[PDB]
2 protein chains.
Amino acid sequence: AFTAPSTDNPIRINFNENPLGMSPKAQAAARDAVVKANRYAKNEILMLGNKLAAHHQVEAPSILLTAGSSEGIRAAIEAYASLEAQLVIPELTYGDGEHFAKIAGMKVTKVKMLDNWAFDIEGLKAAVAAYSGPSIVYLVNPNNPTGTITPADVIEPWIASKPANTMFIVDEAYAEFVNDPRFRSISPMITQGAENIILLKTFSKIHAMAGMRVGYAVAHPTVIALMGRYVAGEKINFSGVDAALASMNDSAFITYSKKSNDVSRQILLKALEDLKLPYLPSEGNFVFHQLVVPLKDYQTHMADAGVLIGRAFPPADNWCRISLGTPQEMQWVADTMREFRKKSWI
Amino acid sequence: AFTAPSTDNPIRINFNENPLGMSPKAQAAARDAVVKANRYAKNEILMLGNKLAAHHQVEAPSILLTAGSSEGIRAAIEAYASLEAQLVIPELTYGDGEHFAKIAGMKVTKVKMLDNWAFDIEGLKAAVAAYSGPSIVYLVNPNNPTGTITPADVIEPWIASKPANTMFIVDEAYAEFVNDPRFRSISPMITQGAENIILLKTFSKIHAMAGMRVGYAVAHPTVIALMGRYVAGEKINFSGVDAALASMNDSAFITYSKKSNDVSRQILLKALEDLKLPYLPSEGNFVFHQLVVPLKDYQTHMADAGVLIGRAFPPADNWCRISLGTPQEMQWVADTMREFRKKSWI
Ligand SMILES: Cc1ncc(COP(=O)(O)O)c(C=O)c1O
Ligand SMILES: Cc1ncc(COP(=O)(O)O)c(C=O)c1O
């Protein structure tokens, strides 16, 4: 069941973790792997790479397994970094791209969001076109923290035009949650031979395995080979490898994982409509919504009430990112929000 | 319970893995983490960092947790690499240093082994002293593949002399197996404030957790801060983090892990002595010995008998590295070797 939270046992809706346990088949695989984990998972890593390759309709050399997509982002940046290069990003997006770009001494070119917190793709395209050196473009889709998608018919033709000296990193961490039919995975462009795309994926979100540390990149083999020089081989942990292989066969859990996230979303959105607090469309496992009280006060009052929400995401200073917990959790949070309103805490 | 091997179920003495399961307490920790691993192991990683800091008598900023020491070697090299830097290594050692040095575009300066396969420390010192640019020195102790130690009184005064523009990476993967009293961990030099040493350690060997991917670096905080820019945070897998925390408390297992290794070593050494095949002193969980037949023939005959031994380690072309299995495995291997001798296969 669900139990009312306290500060010692809070509802955790702070890091976009799946509030469900991983698949029972994946859990069995993970636990069974422990007795084997005195040894390296060498053959199993080969099997997982092959299975991911078939999933993306590419060959094995187009897959790089990494310890989460955290490592894929780093390797992608390191592989294509130089002191002449720029990273082109929307101003409000997932911070790892900029983090590793600054480590590489790159220019970071942030493009202001449009008036609906959408990506300004014309602005991103102009940031690349007017720069005479190499550009890395980092596109998170669906975006964190906003939750919104960028339509495929807006991204795909830009990428297909092959702007000179430009590598696109497309992070689809939250893609399996998506309901909007304008969203398409970029994967088929790689299957069809694109050499200017790195697709990053993870088992941390829909597969509910954040702590297991399994992600990967999909790209042309020449791109994967370059990225491979910035990781210490493919040496994923035994439990994560076996859990990943199992989760890939448990299509029933993946349907359930999406459906539970959909139910949670509507419970939150109901409360937000009742309170008349604007929110952005949610295509991941989180909602980004507006506040009329100071963010810091709201975070503190929620924390005292046993609920950990998202950190601040400047420059959206009056917005908060609320991850979607289980339905029972989101109802308790929705109702706390209603009680806050009565006393002006929201 | 021991059973005779087949080609489908071989004795695996090829990758210096501990042939013992992980500690029973560590396995239970690892299994119990799986239900929790929908979430990132954030606080648990902080606790493991603090526990390793206490173990090495340093503060937490002097520890960097990594996904095995493989990632530590990479990060250490990336942090200190430049196009003007050289890597100084013994000609016969663990190849990851050279590998990442080459990716960085560094000169790689290999110093021939002494006539007893020991490190030529005077040659390594001279290679640094002769080079006007920055140098990284990578010292594996006990060395892989030879298994030998370099006495502390030969290494410590070199490091303590602070050669200009030189960082020492000291890889003590196998150090808990060591019996030789001339061996000393470099750790106290970091506790005493050295800024030119990176110590790398792993849970993959004495702790028997190769497949759990947990290692770490110990260094001055300024050096750890630089290394940390080349990993995607400290985001170790949940089962590994909880297994590492438990294994650090199970001192009885560590004692047993070494003792079993010692027993296995003597079984192999007894066979080599009977066969009059020279070997090097073994201070890790493997033995480097000479062959009179071609290495490739010997590798093939052992594979066919269901025993997987080490790969070739040029330039020691007439030597093989045999990992130490359980005592019962090594008795069976030892007797297979005696039988091979009768038919000239060894
Ligand atoms: C867009 C995005 N990409 C990548 C990551 C990194 O996740 P992981 O290393 O668990 O795959 C996250 C954070 O969870 C994310 O939100
Ligand atoms: C000397 C040495 N250092 C480092 C490693 C890397 O091991 P891990 O990544 O499991 O810590 C090895 C394993 O082969 C090794 O032999």
Side-chain angles (χ1 to χ4, degrees), chain A residues 14-18 37-41 66-74 76 93-97 138-147 169-175 200-205 207-217 232-233 235 237 240 284-286 310 321 323, chain B residues 14-18 37-41 66-74 76 93-97 138-147 169-175 200-205 207-217 232-233 235 237 240 284-286 310 321 323:
Chain A
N14 48 350
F15 302 126
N16 301 342
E17 299 150 326
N18 204 306
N38 58 309
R39 308 209 179 262
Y40 299 103
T66 63
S69 47
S70 296
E71 295 293 358
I73 299 161
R74 185 186 52 73
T93 194
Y94 185 65
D96 284 12
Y138 177 55
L139 301 171
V140 182
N141 194 32
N143 190 38
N144 178 2
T146 60
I169 307 172
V170 182
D171 186 338
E172 286 179 12
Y174 302 100
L200 299 177
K201 283 205 68 73
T202 183
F203 284 76
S204 285
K205 306 308 184 184
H207 295 265
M209 290 171 43
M212 285 289 91
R213 320 305 304 128
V214 188
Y216 62 98
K235 308 188 181 172
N237 84 88
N285 62 348
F286 50 97
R321 191 193 65 197
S323 310
Chain B
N14 50 346
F15 296 133
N16 301 158
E17 304 155 316
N18 193 314
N38 55 306
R39 293 193 197 277
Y40 298 102
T66 63
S69 66
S70 303
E71 291 294 357
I73 300 161
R74 189 189 52 74
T93 196
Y94 190 62
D96 281 13
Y138 175 59
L139 301 177
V140 185
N141 201 28
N143 192 37
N144 176 6
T146 58
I169 301 165
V170 188
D171 184 343
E172 297 185 2
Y174 304 98
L200 296 176
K201 283 185 70 74
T202 185
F203 283 82
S204 289
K205 311 297 175 179
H207 288 271
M209 301 172 35
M212 293 277 92
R213 321 303 307 127
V214 190
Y216 61 101
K235 302 181 177 186
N237 88 84
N285 64 350
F286 52 95
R321 189 194 68 194
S323 316

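Sequence lines set the chain letters: A, B, ... in the order given, protein chains first and strands last, and positions in each chain run from 1. We use all heavy atoms of the structure for the numbers below, so side chains are in, but hydrogens, waters and symmetry mates are not. Remember, it's 1-based here, ligands and their atoms both numbered in the order they're listed.
Residue A:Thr93 holds its OG1 atom at 4.0 Å from CG of A:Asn143, rounded to the nearest 0.5 Å. Rounding to the nearest 0.5 Å places CG of B:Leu200 at 11.0 Å from OH of B:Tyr94. The CG atom of B:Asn18 lies 11.5 Å from the CE atom of B:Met209; values are rounded to the nearest 0.5 Å.
With a 4.5 Å cut-off on side-chain heavy atoms, B:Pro142 and B:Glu172 do not count as touching.
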Which pairs of N or O atoms, one from ligand 2 and one from the protein, are separated by less than 3.5 Å, and what is the distance for each pair?
{"unit_1": "ligand 2", "atom_1": "3 (N)", "unit_2": "B:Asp171", "atom_2": "OD1", "d": "3.3"}
{"unit_1": "ligand 2", "atom_1": "3 (N)", "unit_2": "B:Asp171", "atom_2": "OD2", "d": "2.7"}
{"unit_1": "ligand 2", "atom_1": "7 (O)", "unit_2": "A:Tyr40", "atom_2": "OH", "d": "3.4"}
{"unit_1": "ligand 2", "atom_1": "9 (O)", "unit_2": "B:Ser69", "atom_2": "N", "d": "3.4"}
{"unit_1": "ligand 2", "atom_1": "9 (O)", "unit_2": "B:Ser70", "atom_2": "N", "d": "3.0"}
{"unit_1": "ligand 2", "atom_1": "9 (O)", "unit_2": "B:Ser70", "atom_2": "OG", "d": "2.5"}
{"unit_1": "ligand 2", "atom_1": "9 (O)", "unit_2": "B:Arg213", "atom_2": "NH2", "d": "2.8"}
{"unit_1": "ligand 2", "atom_1": "10 (O)", "unit_2": "A:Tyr40", "atom_2": "OH", "d": "2.8"}
{"unit_1": "ligand 2", "atom_1": "10 (O)", "unit_2": "B:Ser204", "atom_2": "OG", "d": "2.5"}
{"unit_1": "ligand 2", "atom_1": "10 (O)", "unit_2": "B:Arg213", "atom_2": "NH1", "d": "2.9"}
{"unit_1": "ligand 2", "atom_1": "11 (O)", "unit_2": "B:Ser69", "atom_2": "N", "d": "2.7"}
{"unit_1": "ligand 2", "atom_1": "11 (O)", "unit_2": "B:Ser69", "atom_2": "OG", "d": "2.9"}
{"unit_1": "ligand 2", "atom_1": "11 (O)", "unit_2": "B:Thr202", "atom_2": "OG1", "d": "2.6"}
{"unit_1": "ligand 2", "atom_1": "14 (O)", "unit_2": "B:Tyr94", "atom_2": "OH", "d": "3.4"}
{"unit_1": "ligand 2", "atom_1": "16 (O)", "unit_2": "B:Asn144", "atom_2": "ND2", "d": "2.8"}
{"unit_1": "ligand 2", "atom_1": "16 (O)", "unit_2": "B:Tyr174", "atom_2": "OH", "d": "2.5"}

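Counting only N and O atoms by type, the side chains of A:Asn285 and A:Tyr174 include no donor and acceptor under 3.5 Å apart.
Residues meeting the salt bridge (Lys or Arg N to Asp or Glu O under 4.0 Å) test with B:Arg74, sequence neighbours left out: B:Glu71, B:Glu78.
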